[PDB]
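One chain is shown next in structure tokens, namely the form deposited in one PDB entry.
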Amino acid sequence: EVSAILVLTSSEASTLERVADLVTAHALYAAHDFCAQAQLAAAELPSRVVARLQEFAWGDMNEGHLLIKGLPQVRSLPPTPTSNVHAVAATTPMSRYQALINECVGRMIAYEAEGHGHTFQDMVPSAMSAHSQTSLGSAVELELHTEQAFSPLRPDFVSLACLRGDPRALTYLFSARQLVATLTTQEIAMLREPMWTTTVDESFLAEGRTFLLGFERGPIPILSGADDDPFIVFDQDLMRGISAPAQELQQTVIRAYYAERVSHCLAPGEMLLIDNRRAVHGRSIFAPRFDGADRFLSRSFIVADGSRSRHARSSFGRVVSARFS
């Protein structure tokens, strides 16, 4: 299991519910005002909660993730949308609770090329099966990855709030610290070498869309940073080793992930913060019904520094333009 857990008491959950009334702007149509109101209102959250979130945000020895339990109950939840294009989560009370927690940690951001720049994306099963694929997506394991491995503007954190869970849908987490503990000195040194080229994810592609950084990037290393607190960039579908040993080292990371990954089945009222520099994530197979009661998460992204993406956004805008990813 996860172990890095923050459990809100009923009094803390009640304070959070009250503080959410200070966030009144439309999350989709006035994203910057919505996020700025959440950042200001987050000062009213219980100090014990704020302390834990700031410690996690600092990063040093943070475990790669933070699971938050005991959020106020999801009460009049609409049916789970059958597609992930509606942005239903963005108008629920859970999205306000998620914004308050997010804005303690850092600045919320969105990407034009990822779910049409929605402040909160609906993470719901897709019935879609493209040419290469032999299954709709939930029918296969979502492989270990860091979010936007190809992009220097990738989020620092991935935020997932659970509206409806599925008991067979396990979220898998595996930290860069867990990886390094299983490797030899030589494997660690090689993972720190720029031996992997990156490719823009197919979902980021569009007619007439050109990326300033091109379609193929790198070579880049898989590991970087401090020896005792390494950062990881990984994605087997979008990363190709420049040589046979670099390709074999990707397999070594995958085997270590299967051996050491921790799992958690997200349930209503829970929120998971993933440190996108310190951990990789994945998801098991599950069997959605597309009946209105399927697994439904609200996903959002966090960056420590909004100035790093200013060149890619408009003034008082929260959306990174596609060509800059």
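Rigid core (definition): largest C-alpha set, two forms, superposition within 1.5 Å. Only residues modelled in both forms are compared. Position 1 is the first residue in the sequence shown; the rest follow in order.
Omitted here: the form deposited in another entry. The next part is about that form.
K.L.:
Rigid core as reference, CA moved 2 Å or more between the shown form and the other one - which of 186, 135, 73, 210?
P.N.:
If I go through the list carefully, the shifting residue is 135.
K.L.:
Please say whether the CA atoms of residue 130 and residue 199 come closer or move farther apart in the other entry, knowing the change relative to this form is 3 Å or more.
P.N.:
More distant in the other entry, by 3 Å or more.
K.L.:
Kindly indicate if, in the other entry, the C-alpha atoms of residue 171 and residue 134 are closer or farther apart than in the structure shown, bearing in mind the change is 3 Å or more.
P.N.:
Result: closer.
K.L.:
With the core fixed, which bits of the chain, 3+ residues long, show every Cα moving 2 Å or more between the shown form and the other one?
P.N.:
Runs shifting 2 Å or more: 1-3, 129-137.
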